[PDB]
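Report on one structure; see the data block that follows.
All Cβ positions, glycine included, derive from the backbone under ideal geometry; neighbour counts span all protein chains shown. Where a number appears in this text, it was derived from the coordinates with a stated rule and is not lab data.
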Amino acid sequence: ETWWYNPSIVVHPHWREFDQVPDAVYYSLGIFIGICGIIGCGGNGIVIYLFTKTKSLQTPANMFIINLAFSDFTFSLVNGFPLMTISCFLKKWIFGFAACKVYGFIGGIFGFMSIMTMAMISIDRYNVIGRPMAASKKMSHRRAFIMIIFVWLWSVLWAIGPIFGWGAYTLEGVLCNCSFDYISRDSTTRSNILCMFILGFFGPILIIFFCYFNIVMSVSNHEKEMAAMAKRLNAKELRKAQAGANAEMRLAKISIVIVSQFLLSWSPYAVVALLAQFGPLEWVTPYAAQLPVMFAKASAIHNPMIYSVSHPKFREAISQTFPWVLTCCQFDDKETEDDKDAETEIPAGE
Ligand SMILES: *C/C=C(C)/C=C/C=C(C)\C=C\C1=C(C)CCCC1(C)C
């Protein structure tokens, strides 16, 4: 009688009025997300593997990197193959309501976790680079451990609403994947949406901007300070300190790119959702929602590749364990120099 009917999940009327997209579209969708599964799990596993097992990557702050990779790993796993990919190739979500809820909840829980984790990373950056060299503070296992616990609590908190009625996780677009309900406009649903956007999204963003804008409005605070101590009878040994700042600065840079990646990837979909909840629902067409959600879902497969082309110590480790990966991005000793000087200790004024 209909092409959208699902015996397990009641599809919202809105997605029911559209014609069914072509077969080629479903197949491309499944192939697409399936490849995010491969790259995502593959790439994130490597970072988790390499970071937890390499000695040069054993600093507390790196725990955030691992947590981020775990987040992205699980997102790519659950959101790709087999729940969505298989659903696409059958042009139907054949896994039941319970799976859909788990799917949507897992998508949100780790989506909120990746930015909040980034927030914790932006904080570390502010303590090492954002503050003055005299008060510079490195991350401690204690601190880091507590921070990720906050991350986990926070992430689960703002994504579990729909699990208890304060919102919902159902099918969207072509009905082969799940997410939260941004169509229904009841008090309950709308409050959870507002909470997701404000607490889950805007929240960590503020932390980010407040930390990076704070690192920018301190580049000069540091510019001067570097000199005052430089001519401060600071001998050739000064170079060391300088290398350290370069090394840290590079990582801070990286942090911003992965954050930029996240925003560029999620902001579109976010917007399409808001239109459906506050604007012309007629704009929210099958592709209007689908294509931008795919872009968002792939977000969880980028950091690893970003790291592989800009992270020196990490690039080192790869060359030493899975060198084929660095083919087009060949590694060289010179990439780790700044870390050498920054750590090479001076023997009593040398
Ligand atoms: C494919 C499945 C998806 C995208 C499930 C998403 C769930 C969810 C609660 C998402 C929340 C958001 C982000 C994460 C970042 C961008 C803004 C939100 C609030 C849409």
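So the values come out like this:
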{"read-out": "Partner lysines for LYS236 [C-alpha distance under 18 Å; skip if fewer than 8 residues away on the same chain]", "value": "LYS340"}
{"read-out": "Relative exposure of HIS141, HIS302, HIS14, judged by other C-beta atoms within 10 Å (fewest first)", "value": "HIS141, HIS14, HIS302"}
{"read-out": "Nearest-0.05 FRET efficiency for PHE145 and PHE278, computed from C-beta distance (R0 35 Å)", "value": "0.30"}
{"read-out": "For peptides 89-98, 309-318, sequence by mean Cβ density within 10 Å, most packed first", "value": "309-318, 89-98"}
{"read-out": "Length gained when the stretch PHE164-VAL309 is fully extended (0.36 nm per residue, less Cα-Cα span)", "value": "48.0 nm"}
{"read-out": "Rule-of-thumb Rg ratio for the chain [Cα; 2.2 N^0.38 Å; N residues]", "value": "1.12"}
{"read-out": "For segment 30-47, Karplus couplings with θ = phi - 60° (6.51, -1.76, 1.60), whole Hz, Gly/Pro x", "value": "x, 5, 4, 4, x, 6, 6, x, 4, 4, x, 5, x, x, 6, x, 4, 5"}
{"read-out": "Residue order, fewest to most surrounding Cβ atoms within 10 angstrom, among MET294, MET305, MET118", "value": "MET305, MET294, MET118"}
{"read-out": "Under 16 Å from the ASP23 label point (7 Å along Cα→beta-carbon), backbone N, segment 74-112", "value": "88-92"}
{"read-out": "Which of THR85, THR188 has the fewest Cβ neighbours within 10 Å, and the rest in rising order", "value": "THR188, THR85"}
{"read-out": "Degrees between helix 203-216 axis and first principal axis of the chain (Cα, 0 to 90, nearest 10)", "value": "30"}
{"read-out": "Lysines with Cα under 22 Å of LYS101, excluding same-chain neighbours fewer than 8 positions away", "value": "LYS91, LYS92, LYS297"}
